[PDB]
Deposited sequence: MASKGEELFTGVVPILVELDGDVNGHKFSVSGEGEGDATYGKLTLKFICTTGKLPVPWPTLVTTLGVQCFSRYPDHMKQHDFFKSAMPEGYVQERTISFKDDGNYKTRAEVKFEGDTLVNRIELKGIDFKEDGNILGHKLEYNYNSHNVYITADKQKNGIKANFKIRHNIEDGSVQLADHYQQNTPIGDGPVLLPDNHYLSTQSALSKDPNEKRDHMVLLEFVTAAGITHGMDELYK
């Protein structure tokens, strides 16, 4: 409830990611704005090391659920905002069906009036001619639901969901997400009942940008 105060207006966002997928090292820098009142996020990401070795859609979920719009009757279930300003550690295991997996660790917290997302990504067991390393995924994104449950042992939450990436041949590449969030500070946090986050995402390009990039528009609303 205390952390909610920090999200009453438009909050600047900074994202920094260091990744390694099958030995291919890369870095991504992201900048944008978040408006939790409407569950709206606008972000621009740039691959600072050159060309991204994985498709941009596979990084969308890794690259700030604290900007989710929680309805008034559900505000007591908002773990994400309650952990602020100290923040939370967000860990994920993203299993790509019939392919490799991403293991991510992120520190999400406030640095002044700016919300920061520092991430380390490690990807292993990917097929060289698979949908990921072979860049066979379409530059678009489907709508999904993030199923959340309380993790009272770690004073945090756990989340499970499936992302459906469209392949160029018209098929689907499943990306199973297992999530764990744990608070950084020793302050009080809200431990929720079972609910979900209804998400909708739109991917686009900046016409004047020549570097490998991604413009992300995300709309997230809590329900259930």
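> Missing CA coverage against the deposited sequence, listed in sequence order.
According to the deposited record, C-alpha coordinates are absent for 1 to 2, 66, 228 to 237, which together make up the missing parts.
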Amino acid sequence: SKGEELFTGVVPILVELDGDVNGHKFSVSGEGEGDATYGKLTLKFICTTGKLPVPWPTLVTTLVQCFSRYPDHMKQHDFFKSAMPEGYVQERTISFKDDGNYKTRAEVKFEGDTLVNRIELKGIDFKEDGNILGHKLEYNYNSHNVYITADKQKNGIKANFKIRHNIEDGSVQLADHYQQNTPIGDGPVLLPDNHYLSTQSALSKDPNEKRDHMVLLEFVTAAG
From here on, numbers count along this sequence of modelled residues.
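> When the C-alpha temperature factors are averaged for each of 149 to 157 and 80 to 88, which stretch ends up with the higher value in the entry?
Per the deposited B-factors, the answer is 149 to 157.
> Mean CA temperature factor from the deposited coordinates, higher in 181 to 189 or in 194 to 202?
The deposited B-factors put 181 to 189 ahead on the C-alpha mean.
> For the chain shown, is the CA B-factor of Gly112 in the lowest, middle or highest third of its modelled residues?
Within its chain, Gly112 is a highest-third residue by C-alpha B-factor, going by the deposited values.
> Test of reading the entry: by CA B factor among the chain's modelled residues, which third contains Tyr141?
For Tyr141, the deposited C-alpha B-factor lands in the highest third.
> Is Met74 in the lowest, middle or highest third of its chain when residues are ranked by C-alpha B-factor?
Ranked within chain, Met74 CA B lands in the highest tercile.
> By the recorded C-alpha temperature factor, relative to the other modelled residues in its chain, which third is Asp99 in?
Tercile = lowest for this residue's CA B-factor.
> Comparing against every modelled residue in the chain, figure out the third that the C-alpha B-factor of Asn166 lands in (lowest, middle or highest).
CA B-factor rank for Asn166: middle third.
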